[PDB]
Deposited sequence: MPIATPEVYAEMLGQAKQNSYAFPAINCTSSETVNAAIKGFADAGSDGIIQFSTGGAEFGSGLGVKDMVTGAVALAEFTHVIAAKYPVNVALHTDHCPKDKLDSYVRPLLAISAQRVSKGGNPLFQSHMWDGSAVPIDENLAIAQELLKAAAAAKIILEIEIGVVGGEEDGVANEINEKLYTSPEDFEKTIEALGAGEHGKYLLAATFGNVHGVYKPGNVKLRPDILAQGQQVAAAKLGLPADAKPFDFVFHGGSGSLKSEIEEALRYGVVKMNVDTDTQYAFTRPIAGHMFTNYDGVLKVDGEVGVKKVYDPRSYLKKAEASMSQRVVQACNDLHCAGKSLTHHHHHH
């Protein structure tokens, strides 16, 4: 099923408690959503499906190019599909900068607030505010008001302090975050801190995350080994095993996956076109071969390949076999 707000909070709390994380898979379409959920289900895992600003725009079609429309359309599709699987699937929106808040996150929050007001659950279970391009104080002022709106709609907020590529987060940056937002008692939030992490597969310092947890623990009057933050790891695709393991130990509960699942989705499509070149093209006066230019023929292979890569992510992040539905 779609993760209820209660289930999603429990997912993240269990991940943190047990030092594992969920892959958050960027999707752009019915096929990619289907591949992701099938991957989670094959791994006996709960998981997160996220739509970026560009993914949402693509989802809305070339005739619309509207982020809210695309996100809502894909979310409505995902609600129907996820009801047929025995794992929990949470819906999330990815990086939204300041000048897109009024055209992405805010209208989506408003839609969910309306659902909640009528006794329903929110359409998305988390939204990202990406304030890494603005000064920390401005970032956290926006985060504070968004956290209030988000919590009131039963939604978890993801925020980012410092910049993802494609200087590190200071102890004071971590300190300000705890001071402005608390440690979950004013609403759950996820924190993307910057520790040398980059988008795309081509100098990670996971110790920055360990430092953030210690700085927060000291601020809160907690034991030295406490982990007050739930961290998000941006630029997950292409990471070393030892680096992932360290990140998990320091409280990463969500790792974003996009590049690696894109390659997995495209790879069998390329193979299909090449081996069926004279079927997918009308060559030498012939009319091609409908059975191989039927989009389903190669898109089913793309779906299966992407699902395999998602299963790998679940095993790498150690959430495989741990779905809170306990289908074994």
{"query": "Deposited residues without C-alpha coordinates, grouped into stretches that follow sequence order", "finding": "1, 168 to 179, 216 to 220, 347 to 349"}
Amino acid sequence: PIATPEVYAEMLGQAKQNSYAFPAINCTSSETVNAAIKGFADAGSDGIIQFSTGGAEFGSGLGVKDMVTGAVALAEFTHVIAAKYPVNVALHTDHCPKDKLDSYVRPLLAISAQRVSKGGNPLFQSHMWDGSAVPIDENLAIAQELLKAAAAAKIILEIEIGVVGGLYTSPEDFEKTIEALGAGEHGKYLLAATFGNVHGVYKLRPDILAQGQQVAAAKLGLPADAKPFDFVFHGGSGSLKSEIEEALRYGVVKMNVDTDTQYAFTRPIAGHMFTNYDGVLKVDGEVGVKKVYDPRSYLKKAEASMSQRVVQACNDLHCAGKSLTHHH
From here on, numbers count along this sequence of modelled residues.
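Take the two forms, superpose them, and find the largest set of C-alpha atoms that agree within 1.5 Å; that set is the rigid core.
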query: Outlying stretch relative to shown form, 169 to 177 versus 74 to 82 in 6 other deposited structures of this protein, C-alpha RMS (core); finding: 169 to 177
query: Between 168 to 176 and 76 to 84 (mean CA B-factor, as deposited), the higher; finding: 168 to 176
query: Per the entry, higher mean C-alpha B factor between 10 to 18 and 302 to 310; finding: 10 to 18
query: Member of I155, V89, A193, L190 with the greatest C-alpha B factor (per the PDB record); finding: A193
query: Identity of residue with top Cα B-factor, from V215, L108, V257, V253; finding: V215
query: B-factor third for the C-alpha atom of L204 within its chain; finding: highest
query: Cα B factor band for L146 (lowest, middle or highest third within the chain); finding: middle
query: Third of the chain, ranked by Cα B-factor, where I159 sits; finding: middle
query: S112, C-alpha B-factor rank within chain (lowest, middle or highest third); finding: middle
query: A224, C-alpha B-factor rank within chain (lowest, middle or highest third); finding: highest
